[PDB]
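Chains as they are written, first to last, in the deposited numbering: chain 2, 1 to 46; chain v, 5 to 18; chain Y, 1 to 63; chain X, 1 to 77; chain U, 1 to 102; chain T, 1 to 93. Everything below concerns the one structure shown next.
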Amino acid sequence: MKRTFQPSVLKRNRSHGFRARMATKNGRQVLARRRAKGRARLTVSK
Amino acid sequence: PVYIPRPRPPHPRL
Amino acid sequence: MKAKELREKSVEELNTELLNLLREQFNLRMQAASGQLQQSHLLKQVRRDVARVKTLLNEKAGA
Amino acid sequence: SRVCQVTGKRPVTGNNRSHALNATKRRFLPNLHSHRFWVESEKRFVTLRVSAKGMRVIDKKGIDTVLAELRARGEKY
Amino acid sequence: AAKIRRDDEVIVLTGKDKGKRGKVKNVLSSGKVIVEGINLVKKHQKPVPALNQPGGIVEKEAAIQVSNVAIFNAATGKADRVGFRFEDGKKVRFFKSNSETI
Amino acid sequence: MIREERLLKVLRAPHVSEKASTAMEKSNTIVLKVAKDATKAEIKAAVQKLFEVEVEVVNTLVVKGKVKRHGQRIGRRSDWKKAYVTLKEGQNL
RNA sequence: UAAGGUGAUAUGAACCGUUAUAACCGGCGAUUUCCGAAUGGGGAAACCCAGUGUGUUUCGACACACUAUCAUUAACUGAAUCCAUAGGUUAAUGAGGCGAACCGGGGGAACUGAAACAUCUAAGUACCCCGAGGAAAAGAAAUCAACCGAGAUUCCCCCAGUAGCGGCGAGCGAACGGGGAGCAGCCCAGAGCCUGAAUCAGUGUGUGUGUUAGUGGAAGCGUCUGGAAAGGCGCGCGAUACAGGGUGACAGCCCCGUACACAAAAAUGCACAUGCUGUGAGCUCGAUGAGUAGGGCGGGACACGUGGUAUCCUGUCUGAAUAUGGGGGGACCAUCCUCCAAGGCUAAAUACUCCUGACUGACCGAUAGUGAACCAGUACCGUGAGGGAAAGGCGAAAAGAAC
RNA sequence: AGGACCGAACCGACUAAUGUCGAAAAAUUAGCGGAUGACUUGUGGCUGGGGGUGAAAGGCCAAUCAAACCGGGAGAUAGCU
RNA sequence: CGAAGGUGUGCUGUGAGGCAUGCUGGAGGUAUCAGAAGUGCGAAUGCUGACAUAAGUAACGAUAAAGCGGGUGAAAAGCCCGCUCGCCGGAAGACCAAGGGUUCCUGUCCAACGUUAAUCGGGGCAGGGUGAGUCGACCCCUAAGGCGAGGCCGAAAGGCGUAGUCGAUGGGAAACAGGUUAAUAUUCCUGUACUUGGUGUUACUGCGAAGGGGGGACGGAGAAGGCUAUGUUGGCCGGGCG
RNA sequence: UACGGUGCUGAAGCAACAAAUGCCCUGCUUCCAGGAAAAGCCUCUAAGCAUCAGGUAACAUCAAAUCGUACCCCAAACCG
Ligand SMILES: [Mg+2]
Ligand SMILES: [Mg+2]
Ligand SMILES: [Mg+2]
Ligand SMILES: [Mg+2]
Ligand SMILES: [Mg+2]
Ligand SMILES: [Mg+2]
Ligand SMILES: [Mg+2]
Ligand SMILES: [Mg+2]
Ligand SMILES: [Mg+2]
Ligand SMILES: [Mg+2]
Ligand SMILES: [Mg+2]
Ligand SMILES: [Mg+2]
Ligand SMILES: [Mg+2]
Ligand SMILES: [Mg+2]
Ligand SMILES: [Mg+2]
Ligand SMILES: [Mg+2]
Ligand SMILES: [Mg+2]
Ligand SMILES: [Mg+2]
Ligand SMILES: [Mg+2]
Ligand SMILES: [Mg+2]
Ligand SMILES: [Mg+2]
Ligand SMILES: [Mg+2]
Ligand SMILES: [Mg+2]
Ligand SMILES: [Mg+2]
Ligand SMILES: [Mg+2]
Ligand SMILES: [Mg+2]
Ligand SMILES: [Mg+2]
Ligand SMILES: [Mg+2]
Ligand SMILES: [Mg+2]
Ligand SMILES: [Mg+2]
Ligand SMILES: [Mg+2]
Ligand SMILES: [Mg+2]
Ligand SMILES: [Mg+2]
Ligand SMILES: [Mg+2]
Ligand SMILES: [Mg+2]
Ligand SMILES: [Mg+2]
Ligand SMILES: [Mg+2]
Ligand SMILES: [Mg+2]
Ligand SMILES: [Mg+2]
Ligand SMILES: [Mg+2]
Ligand SMILES: [Mg+2]
Ligand SMILES: [Mg+2]
Ligand SMILES: [Mg+2]
Ligand SMILES: [Mg+2]
Ligand SMILES: [Mg+2]
Ligand SMILES: [Mg+2]
Ligand SMILES: [Mg+2]
Ligand SMILES: [Mg+2]
Ligand SMILES: [Mg+2]
Ligand SMILES: [Mg+2]
Ligand SMILES: [Mg+2]
Ligand SMILES: [Mg+2]
Ligand SMILES: [Mg+2]
Ligand SMILES: [Mg+2]
Ligand SMILES: [Mg+2]
Ligand SMILES: [Mg+2]
Ligand SMILES: [Mg+2]
Ligand SMILES: [Mg+2]
Ligand SMILES: [Mg+2]
Ligand SMILES: [Mg+2]
Ligand SMILES: [Mg+2]
Ligand SMILES: [Mg+2]
Ligand SMILES: [Mg+2]
Ligand SMILES: [Mg+2]
Ligand SMILES: [Mg+2]
Ligand SMILES: [Mg+2]
Ligand SMILES: [Mg+2]
Ligand SMILES: [Mg+2]
Ligand SMILES: [Mg+2]
Ligand SMILES: [Mg+2]
Ligand SMILES: [Mg+2]
Ligand SMILES: [Mg+2]
Ligand SMILES: [Mg+2]
Ligand SMILES: [Mg+2]
Ligand SMILES: [Mg+2]
Ligand SMILES: [Mg+2]
Ligand SMILES: [Mg+2]
Ligand SMILES: [Mg+2]
């Protein structure tokens with residue numbers, strides 16, 4: 001049984017990383033929402 | 005929980 | 001070593017000491033690492049002294 | 001965009017109204033064309049994307065007046 | 001400033017030691033003072049083997065609220081309140097009730 | 001030429017352990033906890049200046065801090081750099 | 001300002017200080033790694049790789065500075081192509097990104113209601129996007145009124161759920177006029193009569209008033225119970241202070257405070273007189289906003305769904321008069337009245353609270369009140385967007401239990 | 001030579017039994033099919049919601065699919081329980 | 001000289017209730033008359049926490065398998081040592097990438113975790129441990145693709161895209177054997193190498209690029225030959241003669 | 001002896017045969033479905049400099065930074 005989560009750090013950062021978020025107007029609104037909510041981890045960047 | 009399995013199908017009273 | 005008797009000094013003797021304050025700092029750090037520094041306060045003291053001398057350098061550097 | 005360089009006419013929005021009065025969002029676009037105007041003062045051709053009303057405005061005024069207005073607005077032509 | 005200082009003779013106003021008299025040993029920022037031989041607690045101290053292990057039931061002073069002590073006049077022989085005034089430009093404490101400087 | 005104010009920051013401590021003892025014993029290598037920046041050239045210059053010994057080569061590694069659970073909180077110790085400084089021939093001073 | 005102090009869990013260690021560079025508090029400075037608009041290029045954020053210049057150099061290395069893009073301005077340069085322009089380089093100035101609501105604008109649902117549903121409603125709402133400010137917007141009649149008059153805009157209470165609009169259904173819903181809050185008017189389209197002529201805008205001085213640390217600040221003892229007194233009992237005192245909080249039980253007089261009276265080296269807000277800087281004063285005469293008003297077609301906004309539909313805005317096609325002229329007065333015409341579009345600026349009353357302080361509550365009190373009284377937007381869940389807890393109380397004192 | 005043959009790896013999933021609060025939210029055991037190809041597989045990339053992709057089953061699109069998920073409109077509405 | 005609360009008792013009212021009081025509790029409560037309501041719970045397959053029931057029941061997760069002696073220990077079926085036995089051996093061995101992130105090694109501890117015990121552990125606590133010119137990344141180069149100065153287009157947001165710049169899963173320099181730690185080793189050590197640059201000295205001379213050309217540089221299948229890894233046997237050497 | 005291991009010494013260390021799916025081989029043969037790119041690399045010159053610079057070749061010297069490296073990795077350490 002292959003499951004849905006097949007981790008890959010490169011794909012993770014290219015898909016949801018900080019620079020991926022900053023690339024688009026909508027990704028920068030994700031960061032604004034998570035900053036407003038007070039999220040300790042802003043992105044998947046560690 | 006977070007996952008509730010679908011109940012088994014009833015006997016087809018058809 | 002206060003700020004009065006360091007502001008009376010000059011940019012060169014004051015660059016001398018802060019170099020030798022650093023030296024002192026490195027010796028105290030190695031001594032504390034080996035476990036021979038039974039005076040923990042000397043680290044904070046020489047650190048604040050280095051900060052003081054660098055402050056006075058930034059003042060004497062023009063403004 | 002579909003904006004007249006002379007008059008500033010741009011697409012507006014309104015309704016398509018059917019006979020049953022069904023309203024549908026629609027756009028009214030300006031009658032835009034790219035046209036080379038002969039600037040005699042500059043002895044050259046300047047291409048502007050203008051509506052037909054903009055062409056009428058350039059006929060009424062001069063192309064020099066309209067180009068001065070564009071420059072005042074800061075629009076590059 | 002503070003009305004009760006370190007090397008200051010005080011009398012206890014409240015508690016088991018009411019009326020007892022001693023001198024302050026140190027002032028705690030929590031608003032409590034340690035007075036010599038006043039608030040004696042019996043502490044069951046574990047025999048720490050590292051430095052020295054007398055262990056035993058030691059008799060320590062416990063902090064007492066500064067509210068609960070007043071400085072002793074020794075001229076009127078009773079508890080007295082403290083005001084502040086300026087003599088020679090310097091702020092000094094004086095007693096109320098025979099307003100002499102401390 | 002690395003400046004002495006930088007050399008006096010490069011070195012942090014000597015690293016005391018069984019492997020460090022064995023290294024100084026039978027390979028003439030002193031083990032140091034150095035700064036994090038701490039290039040090999042900076043470490044060599046600093047050892048040769050401050051310990052006034054003759055350095056052959058510097059091997060460096062970064063030690064990643066351990067995740068420790070102090071009380072009921074998850075903490076992590078800082079990463080630090082370790083330098084194996086091989087002295088040339090004579091001896092430590 | 002000070003006799004204590006070296007932030008907390010959190011004790012120790014090593015020390016600092018006690019009469020004025022211990023600490024603490026405030027002003028002004030300094031320092032301020034890396035990432036991030038991130039801006040030298042790149043990048044899987046907190047990393048990788050540079051170029052140029054200056055300086056140092058134990059000679060091979062080091063330090064610092066600069067190097068993004070766009071807009072505007074300027075200088076130089078510069079093609080096809082003669083000039084020229086495009087383009088290029090450099091320099092200066094500005095912007096960029098973030099932020100809770102309020103504001104203006106560009107777009108813009110559907111659920112739902114209509115007991116179905118399509119016109120209609122929801123609703124110009126949610127939401128997306130752009131932009132600004134401390135408020136914004138609007139704003140000095142081509143406005144109303146009704147032969148009487150009012151006199152910019154905005155906001156509140158009426159008018160009035162009225163007149164109307166409306167598958168005349170569900171629903172939507174004014175204005176006129178009145179009472180208030182607050183009021184403020186100007187400028188260009190222009191030439192001559194004066195040449196910092198009132199203002200206005202930025203600077204420097206002062207004065208006053210705050211603000212950012214602070215200072216002083218009254219007056220209670222005895223006895224009973226009690227572990228402890230602030231409680232009871234008795235006798236006193238202060239009060240421009242009996243707000244509040246703490247202290248071993250409930251304290252005006254134990255403490256911190258409170259009323260009250262003072263305080264600022266420095267920075268700073270406001271108010272006022274100013275000293276410079278710049279435009280501009282007032283008078284005469286003139287001018288007085290054209291692809292515009294209006295029209296046709298299609299839409300939208302007006303309470304008003306095209307209706308008999310005025311008015312406004314426009315995508316499209318047209319197109320005046322120009323003050324012996326034109327707009328409006330709810331189809332339209334005549335008369336009369338009233339105003340002067342096609343150029344702009346403008347405070348106040350009005351909106352909101354990310355945030356600061358003080359105060360308040362017939363608000364909650366740990367399943368409540370914020371999700372979060374507690375190391376909570378955490379643990380944990382999810383690829384991600386995102387979702388999202390539980391968990392307070394020993395005692396007065398740790399005296400937290402030697403043996 | 002060959003979408004040739006038999007048959008491991010590998011990729012599948014025809015039958016049966018077990019399991020069905022499982023060892024497992026799809027398996028195990030015994031057999032079974034393809035196994036040089038229209039094959040299989042690693043890494044990276046692209047296509048997105050009335051959209052994608054589909055040797056087509058309305059299949060698949062993160063254990064979710066006749067319109068994914070998250071947040072919002074939103075306390076939709078509910079003559080029903 | 002004992003509040004609220006809790007827990008009994010007695011009395012009392014038509015009822016919701018009330019009153020008194022013992023014990024607990026240890027600091028609050030509140031008449032009366034008015035006033036306001038988050039004002040009364042058994043149900044909503046209600047929500048949260050706690051605790052039952054089934055029940056000391058099913059199960060303890062591959063039917064590869066254990067036995068014994070000694071040790072340690074409070075305690076040994078499970079740990080350590082030993083001797084047997086059994087199981088895998090195209091793996092159930094070894095080395096990596098991905099992913100994880102200290103699980104590695106040592107000492108110590110056994111509460112919780114481990115489907116039992118545990119002295120043991122990938123568990124707790126503390127300490128140690130990762131050494132590179134040559135391995136990899138970084139770096140140079142590019143693919144798919146991404147971004148993209150200007151540009152073109154688009155109500156806005158933005159879309160596409162040129163120059164360019166990124167982007168490996170591909171191309172591009174170089175290290176081997178032996179030894180060594182409790183834990184690293186092509187990194188440490190020993191021995192023996194190699195590569196690419198910089199700077200000098202010397203000698204001889206045309207060098208010079210965002211440009212040209214070559215090269216890099218490439219499919220499937222098949223067959224054979226030559227080899228080697230590797231194995232077998234013999235020889236040799238050491239040991240044995242059961 | 002910590003009886004876990006530590007230290008010292010150390011013979012022979014050859015041949016034949018067999019043999020890969022590994023290497024020669026990015027070869028060869030054949031087929032059609034006709035099988036990356038760019039750089040490093042070699043070479044050629046342009047402008048430009050030709051004494052210089054630069055290139056080539058010896059020898060010498062210097063440098064080669066930084067980051068990863070433990071451990072699991074058909075697994076009790078990854079996804080379930
Ligand atoms: Mg992806
Ligand atoms: Mg080495
Ligand atoms: Mg390394
Ligand atoms: Mg950048
Ligand atoms: Mg810069
Ligand atoms: Mg940068
Ligand atoms: Mg780069
Ligand atoms: Mg901005
Ligand atoms: Mg509808
Ligand atoms: Mg309906
Ligand atoms: Mg209905
Ligand atoms: Mg502002
Ligand atoms: Mg305004
Ligand atoms: Mg009149
Ligand atoms: Mg009808
Ligand atoms: Mg005071
Ligand atoms: Mg007082
Ligand atoms: Mg009490
Ligand atoms: Mg005019
Ligand atoms: Mg019109
Ligand atoms: Mg009309
Ligand atoms: Mg018209
Ligand atoms: Mg009109
Ligand atoms: Mg009219
Ligand atoms: Mg006019
Ligand atoms: Mg206007
Ligand atoms: Mg709560
Ligand atoms: Mg409670
Ligand atoms: Mg076949
Ligand atoms: Mg198979
Ligand atoms: Mg299938
Ligand atoms: Mg089957
Ligand atoms: Mg077959
Ligand atoms: Mg077969
Ligand atoms: Mg893939
Ligand atoms: Mg079907
Ligand atoms: Mg699925
Ligand atoms: Mg649908
Ligand atoms: Mg939803
Ligand atoms: Mg709604
Ligand atoms: Mg509902
Ligand atoms: Mg109460
Ligand atoms: Mg009892
Ligand atoms: Mg209720
Ligand atoms: Mg009921
Ligand atoms: Mg219930
Ligand atoms: Mg149960
Ligand atoms: Mg039971
Ligand atoms: Mg049973
Ligand atoms: Mg049974
Ligand atoms: Mg059983
Ligand atoms: Mg079993
Ligand atoms: Mg088992
Ligand atoms: Mg045994
Ligand atoms: Mg067993
Ligand atoms: Mg651990
Ligand atoms: Mg282990
Ligand atoms: Mg262990
Ligand atoms: Mg036990
Ligand atoms: Mg157990
Ligand atoms: Mg462990
Ligand atoms: Mg490409
Ligand atoms: Mg693009
Ligand atoms: Mg652009
Ligand atoms: Mg590249
Ligand atoms: Mg690669
Ligand atoms: Mg890369
Ligand atoms: Mg190992
Ligand atoms: Mg050329
Ligand atoms: Mg061989
Ligand atoms: Mg061999
Ligand atoms: Mg043999
Ligand atoms: Mg023999
Ligand atoms: Mg094969
Ligand atoms: Mg030369
Ligand atoms: Mg040579
Ligand atoms: Mg390893
Ligand atoms: Mg291992």
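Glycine included, C-beta positions come from ideal geometry on N, C-alpha and C.
Report yes or no: is there a C-beta of chain T within less than 8 Å of the C-beta of residue 1 (chain Y)? As a first step, residue 1 (chain Y) is located in the third sequence; it is residue number 1 there, counting from the start. With 8 Å as the cut-off, residue 1 (chain Y) does not count as an interface residue toward chain T.
Suppose the cutoff is 6 Å on Cβ atoms and the five residues either side in sequence are ignored; what does the same chain contact list for residue 89 (chain T) look like? The count along the sixth sequence starts at 1 and reaches residue 89 (chain T) at position 89. Excluding positions up to five away in sequence, the list is empty.
So for residue 13 (chain T), helix, strand or coil by DSSP? Residue 13 (chain T) sits at position 13 when you count from the first residue of the sixth sequence. In this structure, residue 13 (chain T) counts as strand in the three-state DSSP scheme.
Does any CB atom of chain T fall closer than 8 Å to the CB of residue 37 (chain Y)? Residue 37 (chain Y) sits at position 37 when you count from the first residue of the third sequence. Closer than 8 Å: no.
Residue 32 (chain X) - partner residues in DSSP beta bridges: Against the fourth sequence, residue 32 (chain X) aligns to sequence position 32. Partner(s): 51 (chain X).
Here's the rule I'm using: 16 or more other beta-carbon atoms within 10 Å means buried, otherwise exposed. How should residue 50 (chain U) be labelled? Taking the first residue of the fifth sequence as position 1, residue 50 (chain U) is located at position 50. By the 10 Å Cβ count, residue 50 (chain U) comes out exposed.
How many angstroms separate the CA atom of residue 17 (chain T) from the CA atom of residue 29 (chain T)? As a working mapping, residue 17 (chain T) is identified with position 17 in the sixth sequence. As a working mapping, residue 29 (chain T) is identified with position 29 in the sixth sequence. Straight-line Cα distance between these residues: approximately 13 Å.
Any chain T beta carbon closer than 8 Å to residue 29 (chain Y): On the third sequence, position 29 is the one that residue 29 (chain Y) refers to. Yes, contact with chain T.
Does the Cβ of residue 11 (chain T) have 16 or more other Cβ atoms within 10 Å, making it buried, or fewer, making it exposed? Start at 1 with the first residue of the sixth sequence, and residue 11 (chain T) comes out as number 11. Buried, since its Cβ has 16 or more Cβ neighbours within 10 Å.
Nonlocal neighbours in the same chain, by C-beta distance under 8 Å from residue 53 (chain Y), ignoring five residues either side: Within the third sequence, numbered from 1, the residue matching residue 53 (chain Y) stands at position 53. Same-chain partners within the cutoff: 6, 14, 17, 18, 21.
Residue interval of the beta strand (DSSP E) (run including residue 60 (chain T)): Reading the sixth sequence from its first residue, position 60 is the one you call residue 60 (chain T). Start and end: 55-63.
Compare the C-beta of residue 12 (chain T) against all C-beta atoms of chain Y and say whether one is closer than 8 Å. In the sixth sequence, residue 12 (chain T) corresponds to position 12, counting from 1. Taking a beta-carbon distance threshold of 8 Å, residue 12 (chain T) counts as an interface residue toward chain Y.
Hey, could you find the ends of the alpha helix (DSSP H) residue 43 (chain T) is sitting in? Mapped onto the sixth sequence, residue 43 (chain T) falls at position 43. Note, residue 43 (chain T): alpha helix (DSSP H), 40-50.
Since residue 33 (chain T) and residue 82 (chain T) should fall inside the 8 Å C-beta cutoff, what is the C-beta to C-beta distance between them, to a whole number of angstroms? Position 33 of the sixth sequence, counting from 1, holds the residue named residue 33 (chain T). Position 82 of the sixth sequence, counting from 1, holds the residue named residue 82 (chain T). Sure, about 6 Å apart at Cβ, within 8 Å.
Give the single residue among 11 (chain Y), 28 (chain Y), 12 (chain Y) whose Cα lies nearest to the Cα of residue 44 (chain Y). Residue 44 (chain Y) sits at position 44 when you count from the first residue of the third sequence. It is 28 (chain Y).
With DSSP collapsed to three states, give me the class of residue 65 (chain U). Position 65 of the fifth sequence, counted from the first residue, corresponds to residue 65 (chain U). Here residue 65 (chain U) sits in strand by DSSP.
Roughly how many whole angstroms lie between the Cα atoms of residue 44 (chain U) and residue 56 (chain U)? If you number the fifth sequence from 1, residue 44 (chain U) lands on position 44. If you number the fifth sequence from 1, residue 56 (chain U) lands on position 56. Those two C-alpha atoms are separated by around 6 Å.
If you check the beta carbons only, do residue 2 (chain X) and residue 29 (chain X) fall under 8 Å apart? Looking up residue 2 (chain X) in the fourth sequence gives position 2. Looking up residue 29 (chain X) in the fourth sequence gives position 29. In contact: residue 2 (chain X) and residue 29 (chain X) (Cβ atoms closer than 8 Å).
Which of the three DSSP states, helix, strand or coil, is assigned to residue 32 (chain T)? The residue labelled residue 32 (chain T) in the question sits at position 32 within the sixth sequence. Strand at residue 32 (chain T).
Is residue 6 (chain v) helix, strand or coil when you go by DSSP? Taking the first residue of the second sequence as position 1, residue 6 (chain v) is located at position 2. Of the three classes helix, strand and coil, the one that applies to residue 6 (chain v) here is coil, per DSSP.
Distance CB(residue 34 (chain U))-CB(residue 23 (chain U)) smaller than 8 Å: Numbered from its first residue, the fifth sequence carries residue 34 (chain U) at position 34. Numbered from its first residue, the fifth sequence carries residue 23 (chain U) at position 23. No; because the gap between Cβ atoms is not below 8 Å, this pair is not in contact.
Using 10 angstroms around the beta-carbon of residue 44 (chain T), count the other beta-carbons present and answer buried if the total reaches 16, otherwise exposed. Here residue 44 (chain T) corresponds to residue number 44 of the sixth sequence, with the count starting at 1. That one is buried.
Residue of 25 (chain X), 77 (chain X), 10 (chain X), 63 (chain X) minimising C-alpha distance to residue 16 (chain X): Taking the first residue of the fourth sequence as position 1, residue 16 (chain X) is located at position 16. Taking only the C-alpha atoms, the option nearest residue 16 (chain X) is 25 (chain X).
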